[PDB]
Amino acid sequence: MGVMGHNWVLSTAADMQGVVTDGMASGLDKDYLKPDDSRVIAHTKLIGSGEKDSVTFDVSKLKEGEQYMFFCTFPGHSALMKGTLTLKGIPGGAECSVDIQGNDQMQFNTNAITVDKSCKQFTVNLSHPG
Ligand SMILES: [Cu+2]
Ligand SMILES: [Cu+2]
Ligand SMILES: [Cu+2]
């Protein structure tokens, strides 16, 4: 086989590689993440084709002048399945959620996520179509 999954994991840009590596070593049964990894600010579960999962996190855990990375920890996928997430304030002001897809070609459909700081909490809706 014949296994395919995506997840959505958030950490500081510095902690990204460490989270990816220990995630690989934790295996499929643990959603390819080390349980209770302190470096992981928020994460979805691992989902197969046709499934969906969401995660919500406090915007208080972020900071305006820091680099944050979102990525999939499924072994090898973090090469192309990564992107930046940054905190900003846009004149508006809201949308406090985003819809992300990972497909069969190791791709997220966005590579940059903006979180407004008027949001007290932020919501990621991950799907895995096909
Ligand atoms: Cu196999
Ligand atoms: Cu993936
Ligand atoms: Cu957790």
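Indices start at 1 and increase along the chain as displayed.
Using N, Cα and C of the backbone, Cβ positions are placed for all residues, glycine too.
According to Swiss-Prot, the protein has these features:
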- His6, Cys72, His77, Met81: Cu cation binding site (BINDING)
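Features of the protein shown, as given by the PDB entry:
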- 89-93: linker (SEQADV)
Remark   = Those same-chain residues, other than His6, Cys72, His77, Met81, found with Cβ within 8 Å of the centroid of the Cu cation-site Cβ atoms are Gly5, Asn7, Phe71, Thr73, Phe74, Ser78, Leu80, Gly102, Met106, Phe108
Counts of helix, strand and coil residues, the linker (89-93), according to DSSP = 0 helix, 0 strand, 5 coil
Per DSSP, three-state class assigned to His77 (Cu cation binding site) = helix
Position of peak Cβ density within 10 Å, selected from the binding-site residues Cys72, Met81 = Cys72
